[PDB]
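Taking it in order: structure first as structure tokens, then the write-up.
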Amino acid sequence: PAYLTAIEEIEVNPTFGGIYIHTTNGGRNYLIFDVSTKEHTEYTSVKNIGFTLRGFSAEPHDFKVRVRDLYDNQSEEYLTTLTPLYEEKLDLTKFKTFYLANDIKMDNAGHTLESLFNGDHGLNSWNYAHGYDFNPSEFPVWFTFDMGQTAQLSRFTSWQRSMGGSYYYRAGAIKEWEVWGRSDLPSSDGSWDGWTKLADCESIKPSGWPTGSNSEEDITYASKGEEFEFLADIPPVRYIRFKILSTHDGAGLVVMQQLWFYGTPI
């Protein structure tokens, strides 16, 4: 019966501010998960069941899970005591360029990719990592770096190159991208085999004004850092890629100022 396989194969792991519950359901049956603390009901029929409860402090808490079906069957309780994950800013000094053969180069104009992790950021900053021009027909493009440790990621903050603000939302500022990762050594050829997608991301321009016109709200917003959250169902990772799909001005050029990552080191 699906509800029995569900309770028998269940895994419950800590995640940021709660727990991640996963189980199997190869029949695509309709299961109801009731999750108790001393708080949520999931209604799902996917094959690879995975869902989160959040809102919890990072200390040990007792959790109870029961699975039921639309036929009035109900499982034994699964009990677990788990501590939710709590994020820290990962140590920037361990972040390094990890250049693979099919990556864009980010060492133009006197800087390197590792400039994105040197701490220098904000409206008046001249810091950046700066690529080379390419034809936008070549999007998507990507670059690769090493976090220098393995971590369960929560979120990251991204700053565009600024130089007083007029460079926001043009001149290499990225618009949509994906963040991919892996925990084991990449292949030197830059093959995408062995990489896992971790986040879909879109940098928002609050005003929605065309290229070359930035509002006061746009400039304040970008200078404060753009925040993105990662998927809960991701493995620990060490190596990271940004697969750039688009840029704000549509030109084939990537230029950014800073990237700070948050999560729990392994």
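Following the order of the structure tokens, chains are lettered A, B, ..., residues in each are numbered from 1, and ligands are numbered from 1.
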Do you know which residues are at most 9 Å from residue 48 of chain A counting only C-alpha atoms, after dropping those on the same chain fewer than 3 positions away, and could you put them as an MDAnalysis selection string?
-> chainID A and resid 22:26 28 45
Just list the residues in segment 35-168 of chain A DSSP gives strand (DSSP E or B) on the backbone, as a PyMOL selection string.
-> chain A and resi 35-37+40-44+48-53+61-68+74+78-82+85+88-89+96-97+107-108+129-130+134+141-160
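Using only C-alpha atoms, the shortest contact distance between residue 246 of chain A and any of A:135, A:97, A:81, A:112 is found at A:135.
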For segment 108-209 of chain A versus segment 221-235 of chain A, which residues have an atom no more than 9 Å away, and what is each residue's nearest atom pair and distance in Å rounded to one decimal, using only C-alpha atoms, chain-then-number order, as a tab-separated table?
residue	atom	partner	partner_atom	distance
A:121	CA	A:223	CA	8.2
A:122	CA	A:223	CA	5.3
A:123	CA	A:223	CA	5.1
A:124	CA	A:223	CA	8.8
A:151	CA	A:235	CA	8.7
A:152	CA	A:235	CA	6.8
A:153	CA	A:230	CA	6.7
A:154	CA	A:230	CA	5.5
A:155	CA	A:229	CA	4.1
A:156	CA	A:228	CA	5.5
A:157	CA	A:227	CA	4.6
A:158	CA	A:226	CA	5.1
A:159	CA	A:225	CA	4.9
A:160	CA	A:222	CA	6.8
A:162	CA	A:223	CA	7.6
A:165	CA	A:223	CA	7.8
A:168	CA	A:222	CA	7.2
A:169	CA	A:222	CA	8.7
A:179	CA	A:230	CA	8.7
A:181	CA	A:235	CA	8.7
A:182	CA	A:235	CA	7.9
A:183	CA	A:235	CA	8.0
A:196	CA	A:234	CA	7.8
A:197	CA	A:234	CA	7.9
A:198	CA	A:231	CA	5.8
A:199	CA	A:230	CA	5.2
A:200	CA	A:230	CA	8.2
A:201	CA	A:228	CA	6.8
A:202	CA	A:228	CA	8.5
A:203	CA	A:226	CA	7.1
A:204	CA	A:226	CA	8.4
A:205	CA	A:222	CA	8.3
A:206	CA	A:221	CA	7.8
Among segment 93-207 of chain A, which ones does DSSP place in helix (DSSP H, G or I), written as a ChimeraX atom specification?
-> /A:93-94,113-117,136-138
Pick out the residues sitting within 10 Å of residue 15 of chain A, and hand them over as a ChimeraX atom specification; count only C-alpha atoms, and ignore anything fewer than 6 positions along from it in its own chain.
-> /A:21,52-54,56,58,82-87,152-154,232-233,263-264
Given only C-alpha atoms as the counted atoms, nearest of A:256, A:163, A:237, A:19 to residue 62 of chain A =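 Using only C-alpha atoms, residue 62 of chain A sits closest to A:19.
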Nearest to residue 150 of chain A, chosen from A:91, A:120, A:39, A:59, with only C-alpha atoms counted in the distances | A:91
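Residues in contact range of residue 100 of chain A, defined as at most 12 Å between only C-alpha atoms, with sequence neighbours fewer than 4 positions away removed, read residues 104, 105, 106, 142, 143, 144, 145, 146, 185, 186, 187, 188, 189, 190, 191, 192, 239, 240 and 241 of chain A.
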Point out the residue among A:195, A:208, A:136, A:148 with the least atom-to-atom distance to residue 253 of chain A, counting only C-alpha atoms.
->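 When distances to residue 253 of chain A are compared using only C-alpha atoms, the smallest one comes from A:136.
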Measuring atom to atom with only C-alpha atoms, identify which of A:50, A:247, A:55, A:79 is nearest to residue 17 of chain A.
->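 Among the listed residues, the smallest separation from residue 17 of chain A belongs to A:55.
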